[PDB]
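> Enclosed are the sequence and the experimentally obtained structure.
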Amino acid sequence: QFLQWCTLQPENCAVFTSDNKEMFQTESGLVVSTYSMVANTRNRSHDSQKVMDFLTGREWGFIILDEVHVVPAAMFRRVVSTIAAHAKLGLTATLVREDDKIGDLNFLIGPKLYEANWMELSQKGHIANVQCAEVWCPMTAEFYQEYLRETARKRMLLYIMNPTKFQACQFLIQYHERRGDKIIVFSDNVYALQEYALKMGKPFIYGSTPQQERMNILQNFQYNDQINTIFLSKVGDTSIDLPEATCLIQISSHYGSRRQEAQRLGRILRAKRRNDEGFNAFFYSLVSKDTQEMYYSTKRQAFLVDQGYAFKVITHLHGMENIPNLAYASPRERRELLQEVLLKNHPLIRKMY
Amino acid sequence: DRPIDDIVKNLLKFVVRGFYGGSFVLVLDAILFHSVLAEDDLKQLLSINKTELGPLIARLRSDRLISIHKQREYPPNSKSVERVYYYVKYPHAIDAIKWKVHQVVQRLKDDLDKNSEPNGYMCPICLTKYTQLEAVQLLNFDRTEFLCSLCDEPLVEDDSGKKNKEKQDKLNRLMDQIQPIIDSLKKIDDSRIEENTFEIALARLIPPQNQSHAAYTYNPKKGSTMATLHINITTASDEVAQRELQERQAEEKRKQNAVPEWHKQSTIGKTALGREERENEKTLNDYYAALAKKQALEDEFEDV
Amino acid sequence: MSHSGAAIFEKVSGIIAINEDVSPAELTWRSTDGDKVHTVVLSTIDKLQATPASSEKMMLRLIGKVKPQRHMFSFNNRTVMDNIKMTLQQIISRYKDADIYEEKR
Amino acid sequence: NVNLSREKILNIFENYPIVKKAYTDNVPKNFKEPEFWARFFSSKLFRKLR
Amino acid sequence: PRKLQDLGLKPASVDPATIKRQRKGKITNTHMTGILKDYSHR
Ligand SMILES: [Zn+2]
Ligand SMILES: [Zn+2]
């Protein structure tokens, strides 16, 4: 983005990463690095120690802290001390944390200089107009009994893995695929992500997936018309490159993470079809009824309603009985799915060795 | 074809007809007619033995009127040989003509200048020359005759200066004969020529024989470091149908952009989601007739 | 130069020429020694098969309409390949359009 | 692909009489309307008139 | 081609070539081997 938008030379630009560690030889320029590399208190390599010596010994004029919400962390905090910068600009979309340490940014970086009005940007067309909805999935009797008679870690997986959310997600996938939408289905639970993806015949990307397979699946999502839905784990929340998406379905979440909720909303807020009149992107949060997921979903949406978004509650999807292939409709298959969810949890001497 | 190609063809034809024999004329005219030509092709057209074309090809290569390519192919009978292709390199050939005729003029000037210094003398007994500068070291005591240093014989007069007018006449007769050459050089230096090679020369080939063992397809190697227009004519009646089809596509766009029911209207009150013209035209025709009476092997495939 | 070239037909060398002024258009292949003359009338041509420039041996296949008729033209230079295939593609596009619109009419 | 209606091609007919003279001696004698229009649209005459 | 201009004549030839010339990793998405397509270009 620097080399594209501004008249900065590649000889004036430098990158401090694992593969790239050479620095600019001019008297001034650009260096882009990561918080973990800068604040790595571990025993770093000699050349990276030399680069850190260069960064510390130079008096920097400007620092851009991208995703400044992670700055108040335990030792991401010290990157504003180890780098003596005259000006510090923290750029973010999600200025929330689930602890009270978000207010330490007034002492780390500075005061809250600017907040964008997301509704004003949406009505000016700078970001997409999203229809935020919360889809209530009533649990079955057997899954609710098992949800009551388990501890919290099994309870999480058991309200995620209910068949009603399978049916609602499958119906929404079919409906928006008929409408011609690029759909991202976010779920932090890896087992739930894989089970939904194998049940629905759509590709899934999570942490242990190889990078070449991830790039191939993302290219298929961007260009292939038969691949209109991708299932993403928490790899999709962090700043990775994603294709243009207009529909999003949130199956599971990481407790009441408002930052993750707004980061998921941001993946569809930048849709290309904003210039089309009457276009609307769609956000769905599929939540099991009468569980702690409702509590966590309200906690997550508390930040998005501060931005102006209204989450319409959907207790009924018209067409849930007319869908031909409904996942886990039969009681015997529901019992089988319950059983799977419950059963989830001197050089010569060297030849000896 | 191209006018500069015509001029260089006539220049090569003129120089091979002037400074070269008839067999050279035949070979170079075959090269100018068929753009590339292998040895069997020259044999088939000209009925010329390999030993007879030997001096011909050797002279034409040593003057660079033609050049050779050493490409071997793979015929279906697998009796491949490293055959040779003969073609013409137009810019190198014309540059060779300019250099040859230019330096020929240069040492013709040198020869007439050497004639233009006075003749000197030569000794008939020893067959050695002695110019006027060193003959005066060899004059006698009687101061009348130049005597040879070895033979002791009176030096006789040479003829370097009596033939100066003859050399000037020969120069003139060379020039008026080579006037077409210089005119062609002026035209091809005023205009711009394409530097052709074997690969370029394959483009305008007229083939020489049917059962040719020489295959003109080029074989590239690695490691050597030495659209369509379609129309839609309509009778202006189906254009209304096409406008209707574009309107149709507009309402499928409307259902692409349509707001869903569960977003447009509240879902609280609903249940929880879970498991005859022919004959009257004949009468018109009859009435019109009555009125008128009243006035009266498989390989790669590509979709191209 | 665009309508003339050298090619190999049935492992026999000859000259390919485009007769476009005549209706219907023709490709005439003449044997250089006068042994034979092959003609292709372009109205009864369905499709053309070509080979990419990465391929070594250059074939051009003509498939006609009614057992379909198949013709093979072995080529030598890529410029002859290019101009022959683009002239042929344009004229068979015109003839296909004419056949389709006469069927529709 | 391009769309050619009757009023459209007639508009070519009055605004360019040279195309009309090309039509008259060619379409009932040698070759037909769609391939004639393809030849004309691929010709230099269309570019020079445009 | 580079001596004709030394001699003063215009060289019709350019200087020749003699003077100065030059994985597959593992797939986790095993349920659509053959449904996804390769995209080496945009
Ligand atoms: Zn003597
Ligand atoms: Zn060198």
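Received, thanks. Numbering: from 1, shown residues only, chains lettered A, B, ... in the order given. Ligands and ions are numbered 1, 2, ... in the order given.
> Excluding chain neighbours, what is closest to residue A:329?
residue B:275 (4.7 Å; C-beta to C-beta, 6 or more residues apart in numbering or on different chains). No exception for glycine: its C-beta is placed from N, CA and C like everyone else's.
> The one you found - how many residues pack around it?
14 (other C-beta atoms under 10 Å in any protein chain shown).
> so it sits in a strand?
No: assessed with DSSP: H, G, I helix; E, B strand; the rest coil, residue B:275 is coil; it does not lie in a strand.
> In contact with it, which residues?
A:163, A:167, A:326, A:329 (C-beta atoms under 8 Å, 6 or more residues apart in numbering or on different chains).
> Quick check: of those, which lies closest to chain D?
residue A:326 (43.3 Å; C-beta to the nearest C-beta).
> Can you tell me the element the spatially closest residue to that closest one that is not a sequence neighbour falls in?
Once flanking residues are discounted, residue A:326 sits nearest to residue A:167: 5.7 Å by C-beta to C-beta, 6+ apart. Taking DSSP states H and E as the criterion, the element that holds residue A:167 is helix A:163-178.
> and chain A, which residues reach chain E?
A:197-198, A:201, A:203-204, A:208-210, A:212-213, A:216-217, A:219-220, A:222-224, A:226-227 (C-beta under 8 Å from any C-beta of the partner chain).
> what's the burial count for the closest residue to chain D within the stretch 1-150 of chain B?
Per C-beta to the nearest C-beta, residue B:2 is where the stretch 1-150 of chain B lies closest to chain D, at 19.7 Å. Residue B:2 has 13 neighbouring residues, counting by other C-beta under 10 Å.
> From residue E:10, how far out is it?
20 Å (C-beta to C-beta, to the nearest Å).
> From the chain's centroid, how far away is the helix holding residue A:167?
In this view, helix A:163-178 has its centroid 21 Å away from the chain centroid, taken as C-alpha atoms, centre = their mean, to the nearest Å.
> which bits of chain C sit near chain B?
C:1, C:5-6, C:8, C:11-15, C:31-33, C:35, C:47-52, C:55-59, C:61, C:74-77, C:79-80, C:85, C:88-90, C:93, C:97, C:101.
> which of these are buried?
Listed as buried from the residues of chain C next to chain B are C:5-6, C:8, C:12-15, C:31-32, C:48-51, C:58-59, C:61, C:74-77, C:79-80, C:85, C:88-90, C:93, C:97, C:101; burial here means 16 or more other C-beta atoms under 10 Å in any protein chain shown.
> Tell me which residues are up against the helix or strand residue C:30 falls within.
Here residue C:30 sits within strand C:26-31, counting by DSSP H and E. Strand C:26-31 has contacts (C-beta under 8 Å, 6+ apart) with B:210, C:7, C:9, C:12, C:14-19, C:37-42, C:73, C:88.
> right, and the secondary structure at the residue lying farthest from the centre of chain B would be what?
Distance from the C-alpha centroid of chain B, by C-alpha atoms, centre = their mean, peaks at residue B:269 (86.5 Å). Put simply, residue B:269 is coil when judged by three-state DSSP.
> quick one: it from residue A:316, how far?
8 Å.
> Could you do residue C:71 as well?
Where residue A:316 is concerned, residue C:71 sits at a distance of 67 Å (C-beta to C-beta).
> Ok, residue B:64 next?
91 Å.
> Can you list the buried residues in stretch A:287-306?
Quick answer for stretch A:287-306 (16+ other C-beta under 10 Å): A:287-289, A:291-293, A:296-297, A:299-301, A:303-304.
> Same question for stretch B:52-59.
B:53, B:56-57, B:59.
> Stretch A:195-210 too?
Neighbour-count burial for stretch A:195-210 [16+ other C-beta under 10 Å]: A:195-197, A:199-200, A:202-206, A:209.
> between the residues you listed, which is closest to chain C?
residue A:203 (32.2 Å).
> quick one: that closest one and residue E:36 touch, right?
Yes: counting by C-beta atoms under 8 Å, residue A:203 does reach residue E:36; the two are 6.8 Å apart.
> who touches both of the two?
A:217, A:220, A:227, E:29.
> Let me have these in a markdown table, extended by distance to residue A:182 and secondary structure.
Formatted as a markdown table, those follow (distance: C-beta to C-beta, whole Å; DSSP: H, G, I helix; E, B strand; the rest coil):
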| residue | distance to residue A:182 | secondary structure |
| --- | --- | --- |
| A:217 | 13 | helix |
| A:220 | 11 | helix |
| A:227 | 9 | coil |
| E:29 | 18 | coil |
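> top of the residues you listed by neighbour count?
That'd be residue A:217 among the shared contacts of residue A:203 and residue E:36, by other C-beta under 10 Å, with 26 neighbours.
> Leaving out sequence neighbours, find the closest residue to that residue.
residue A:203 (4.6 Å).
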